[PDB]
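Protein chains in written order, with the authors' numbering: chain B, 1 to 99; chain C, 1 to 9; chain A, 1 to 272.
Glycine included, C-beta positions come from ideal geometry on N, C-alpha and C.
One structure is given below, encoded as structure tokens.
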Amino acid sequence: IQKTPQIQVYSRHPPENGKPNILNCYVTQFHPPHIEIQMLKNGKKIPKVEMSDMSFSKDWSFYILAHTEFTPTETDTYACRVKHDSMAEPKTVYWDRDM
Amino acid sequence: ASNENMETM
Amino acid sequence: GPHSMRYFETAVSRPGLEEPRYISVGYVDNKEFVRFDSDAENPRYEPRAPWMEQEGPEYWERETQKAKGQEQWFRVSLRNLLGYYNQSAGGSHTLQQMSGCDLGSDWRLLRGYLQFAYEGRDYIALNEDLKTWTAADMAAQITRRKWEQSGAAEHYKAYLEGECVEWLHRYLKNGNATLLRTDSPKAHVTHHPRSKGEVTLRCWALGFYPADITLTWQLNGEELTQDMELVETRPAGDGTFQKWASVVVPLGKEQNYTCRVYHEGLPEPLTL
């Protein structure tokens, strides 16, 4: 049986134009374990992405942290396309510097 | 250090 | 400071490959430190901390020796459980276990853990007493009777009261390389308004460790719990965590709106 994923997009360091940073995509609460994660910018796939664990927690639900180096800007859109079996269609959360 | 399981399920 | 050591195991079947995916994953206090994955090209346990790199070969294979054992144990058990539930061969199954120990400030044991969960649900698990099991559902009783019989719990208890403790202690003692450190929160408020009656205040907190934190908005001292946007404590990717909490406000009232902050690694609650 299947649990639906809770996605969060954010930055390691409080964004700042021109300053180096790393984009986080924290997926949570899912089941089964197979999941697919895509980092995107301007609708195109960020090429090098680095995934964490395949760990879980006390309620037995899995979690995963994906990340990529990125230089924040006012000119582009950054997103995280998740794809678990618990959803007919992929989900895509958008990076929003305010939260 | 890992644990090691005995009897199966 | 209180501590823990954790092993997060997970077998997984998907069809068309009679050989599941096994993955163990170690953790000292809240920080990973070892990892195995059956689906590797060279399936071998690996360091994941810096302080772990300090072990040398006999250790590195005493563990991979074990991982290959458990790998076989999971393959076997996953099939057994198949029978207890009348699942026919043909779909995706999942078996997970979690085992570890906890020790107080005084370096002594507090609690052991050994617990399994089939399909994401609790299957069977070991009591605080380390002598007796709690079976969750009927099928879980087969295993229970089966295991009371074969004295499986002593072994467990032994690993938990002995080799878990004795081994953590030494993880602790090489452990300062992050373990015994307490990264304090770095808290500040945002803003972002527009609309009459709107201002949307935002108390952040950043860079802390451990993840246990409680941000609280307050009107004088009456906790502003109303429409408090609370975000799930998330990781930074570095060994720290983040969090924020919003509250909606009538624009210009910002004076007596104040989020306190709480954390083990702080002098006293950070008032903002």
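Check	Outcome
Who are the Cβ neighbours of A/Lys157 in its own chain at under 6 Å, not counting the five residues just before and after it?	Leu130
Less than 8 Å between the CB atoms is what I'm expecting for B/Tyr78 and B/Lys41, so what's the real figure, rounded?	5 Å
Going by DSSP in three states, A/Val231 sits in which element: helix, strand or coil?	coil
Label B/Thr75 either buried or exposed according to how many other C-beta atoms from any shown protein chain fall within 10 Å of its C-beta, with 16 as the threshold for buried.	exposed
Under a three-way DSSP split, which group does B/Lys58 fall into?	coil
Please find out if some non-hydrogen atom of the ligand GDP comes closer than 8 Å to the beta-carbon of A/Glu161.	Annotation note on the ligand GDP: not contained in the displayed structure, which lists no ligands.
Can you check which of these residues, A/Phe36, A/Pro47, A/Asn42 and A/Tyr22, is closest to A/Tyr171 by C-alpha distance?	A/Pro47
Does the stretch 15-30 of chain B come close enough to the stretch 102-118 of chain A that 3 or more CB-CB pairs lie under 8 Å?	no
According to DSSP, which residues form a beta bridge with A/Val189?	A/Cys203
Identify, in the order they occur along the chain, each residue of the same chain with its Cβ nearer than 6 Å to the Cβ of B/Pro90, setting aside the five sequence neighbours on each side.	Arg81 and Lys83
Can you tell me whether B/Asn24 is helix, strand or coil according to DSSP?	strand
Any idea if A/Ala236 is buried or exposed, counting beta-carbon neighbours within 10 angstroms, 16 or more meaning buried?	buried
Quick one: give me the first and last residue of the beta strand (DSSP E) that A/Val165 is part of.	A/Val165 -> not in any beta strand (DSSP E); alpha helix (DSSP H) instead, spanning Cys164 to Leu172.
What would DSSP say about A/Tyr257, mapped onto helix, strand or coil?	strand
Given this structure, state the Cα-to-Cα distance separating A/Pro50 from A/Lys66, to the nearest angstrom.	23 Å
Kindly indicate which residue of A/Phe36, A/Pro15 and A/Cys101 has the alpha-carbon position closest to the one of A/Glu166.	A/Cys101
Between A/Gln242 and A/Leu206, what straight-line distance do the alpha-carbon atoms span, to the nearest angstrom?	5 Å
Can you give me the C-alpha to C-alpha distance between B/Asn21 and A/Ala139, rounded to a whole angstrom?	50 Å
Alpha carbons only, please: which of A/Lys68, A/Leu179 and A/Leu201 is nearest the one belonging to A/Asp29?	A/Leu179
Along the stretch 18-35 of chain B, where does the CB come closer than 8 Å to a CB of chain A? Name the residues.	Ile22, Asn24, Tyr26, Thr28, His31, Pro32, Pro33 and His34
Looking only at C-alpha atoms, which of A/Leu272, A/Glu254, A/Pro267 and A/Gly83 sits nearest to A/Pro193?	A/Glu254
Of all the residues that make up the stretch 50-66 of chain A, which are near chain B by a beta-carbon distance shorter than 7 Å?	none
Could you say which of A/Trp217, A/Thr240, A/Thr225 and A/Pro43 lies nearest to A/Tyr209 if we only look at CA atoms?	A/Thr240
Report yes or no: do three or more beta-carbon pairs, one from the stretch 12-20 of chain B and one from the stretch 32-41 of chain B, lie closer than 8 Å?	no
Could you please tell me which residues of the stretch 191-211 of chain A, in chain order, have their CB closer than 7 Å to any CB of chain B?	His192
Would A/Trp107 pass as an interface residue toward chain B - the criterion being a Cβ-Cβ separation below 9 Å?	no
Please list the partners that A/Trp244 has in chain B, where partner means a Cβ-to-Cβ separation under 8 Å.	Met99
Quick check on DSSP: helix, strand or coil for B/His67?	strand
Which of the residues in the stretch 113-124 of chain A, read from start to end, lie with their CB under 7 Å from any CB of chain C?	none
Using only CA atoms, which one of A/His188, A/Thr225 and A/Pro15 lies nearest to A/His93?	A/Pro15
For a cutoff of 9 Å on Cβ pairs, would you count B/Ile46 as touching chain A?	no
Within 9 Å of any Cβ in chain B, is that where the Cβ of A/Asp29 sits?	no
Do you know offhand how far A/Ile23's Cα is from A/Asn42's?	13 Å
Which one of A/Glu58, A/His3 and A/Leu109 has the shortest CA to CA distance from A/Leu160?	A/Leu109
Report the rounded CA-to-CA distance for B/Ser61 versus A/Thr258, giving the unit in angstroms.	34 Å
Between the Cα of B/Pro5 and those of B/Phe70, B/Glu50 and B/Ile64, spot the shortest distance and give me the residue it belongs to.	B/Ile64
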